[PDB]
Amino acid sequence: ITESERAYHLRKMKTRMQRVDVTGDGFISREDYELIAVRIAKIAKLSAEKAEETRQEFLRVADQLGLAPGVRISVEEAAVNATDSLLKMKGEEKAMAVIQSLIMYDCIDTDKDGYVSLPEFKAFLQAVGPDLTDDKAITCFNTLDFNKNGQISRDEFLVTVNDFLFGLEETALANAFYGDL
């Protein structure tokens, strides 16, 4: 792994943590996960029943990540610890990290039809990136939609996640993920 490779990977990890920090305090906490769910519910005009299910799902992810009440990790620490951890992983641990990431797929799938639609992916991207234009969100969606069938399936999401977490050189995939480093 080169110095340029490591720096690229850190840029990706910084993008991830800055996008997740929707509260804008320079930390990652369960408040961030809750706000992303709340914003998705507004953007996607979810019913009150679906909005609460989605809020609970995001908080469950916060719980799985260890973001208990009062726990806050700086975006700087989060990003550094991510590049360090992920770049040390061998094959079996990589595979598990990728499967684990699919919990985020399920969160974004708010109608639970097992696919991520354009509305669902757009709601997610604009929840974490309020500055991202409708056009750019569509571009990001089209990047993940490998077969151009109008939905992001779990296979498409998974191969994208793998490149985002472990990729060492620039791709359109990694840019669409959050998207825009």
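Quick note: we count residues from 1 along the sequence shown, nothing fancier.
For the stretches 46 to 54 and 136 to 144, which has the higher mean C-alpha B-factor as given in the deposited record? Comparing 46 to 54 with 136 to 144, the higher average CA B-factor belongs to 46 to 54.
Of 120 to 128 and 34 to 42, which one has the bigger average CA B-factor? Here the higher of the two C-alpha B-factor means belongs to 34 to 42.
Chain third (lowest, middle, highest) by recorded CA B-factor, residue given as residue 95: CA B-factor rank for residue 95: middle third.
For residue 63, return the chain-relative third of its C-alpha B-factor as stated in the PDB record: lowest, middle or highest. Lowest third, going by the recorded CA B-factors of the chain.
Among all modelled residues of this chain, ranked by Cα B factor, put residue 103 in the bottom, middle or top third, i.e. lowest, middle or highest. It belongs to the highest third of the chain when residues are ordered by C-alpha B-factor.
Lowest, middle or highest third - CA B-factor, residue 73: Answer is lowest: the recorded C-alpha B-factor places it there.
If you rank every modelled residue in this chain by C-alpha B factor, which third holds residue 25: lowest, middle or highest? For residue 25, whose C-alpha B-factor we compare with every modelled residue in the chain, the answer is the middle third.
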